[PDB]
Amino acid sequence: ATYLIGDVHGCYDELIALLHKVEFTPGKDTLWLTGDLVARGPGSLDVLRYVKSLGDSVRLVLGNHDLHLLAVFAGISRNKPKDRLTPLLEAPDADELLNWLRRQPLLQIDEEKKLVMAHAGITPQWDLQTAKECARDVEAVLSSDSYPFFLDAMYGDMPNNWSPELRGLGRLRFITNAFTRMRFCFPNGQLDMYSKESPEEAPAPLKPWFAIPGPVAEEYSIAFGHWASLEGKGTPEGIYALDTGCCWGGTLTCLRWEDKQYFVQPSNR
């Protein structure tokens, strides 16, 4: 079976309880995770250890909190007490865990399931070939010996409009923001990097990225996490918002792909 779970954010106990609910069995089943494995919840260390141990039985995409963790690890960004990352950062296997984490994808595609996953979704300004190329470029920089330089370069809110002519720092920053920070778009598809409200509470003319028809969403289902204030609802057919805010006292959500059946684990907080 295929299971897709939204942002775990260090909620190790809820993750394991949910997987036990569905009798997740590596070798029979595959788990997709929308990223943001770490921060806020208390068990980022256990989450990373477990997810790494799954190997080919897990298909991860990296989220913005995963990237921020790597930046803290590399000395690029300051550790925020609220993230609760110190046990992971101080772990004897931190190097092993985080060198594995930075090699993971930004984008997962399954052609037989006609299914695409990224942390924040797929901007309507991208077709599938462009999404693939951009994921490959940023994955290449993250997996390289020089990844701290890219992690430093990734911070920024501009540019917010895609063009194939984008180059250099702006190109990487846009790609990173599109895959890991996107929520709202302007009518022309341009990213808004400030509003984090629910769609009903956003200022006009902002619309959810998935409310703007895009070539990928026309041919593929898209699963994503990231946008907890969406509460996993209000999405069109074919769009699966799996982040129901577990670390915030919401729930952890698991979707089984074969029957589109949902399983939910209440937050322990």
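Sequential numbering from 1, following the sequence displayed.
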query: Should the higher mean CA B-factor in the entry be assigned to 150-158 or to 167-175?
result: 150-158
statement: Mean Cα B-factor check, 52-60 vs 229-237, entry values; winner is 229-237
- request: Choose from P26, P213, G35, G41 the residue with the greatest Cα B-factor as stated in the PDB record.
  value: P213
- prompt: If you compare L128, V116, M182, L106, which has the highest Cα B-factor in the entry?
  reply: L128
field: For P87, the third of its chain into which the C-alpha B factor falls
entry: middle
task: Sort the modelled residues of this chain by their C-alpha B factor and say whether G245 lands in the lowest, middle or highest third.
output: middle
task: Report the third (lowest, middle or highest) to which the CA temperature factor of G121 belongs, ranking only the modelled residues of the same chain.
output: lowest
message: Which third, lowest, middle or highest, does the C-alpha temperature factor of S267 belong to within its own chain?
response: highest
- line: For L191, the third of its chain by CA B-factor is the highest
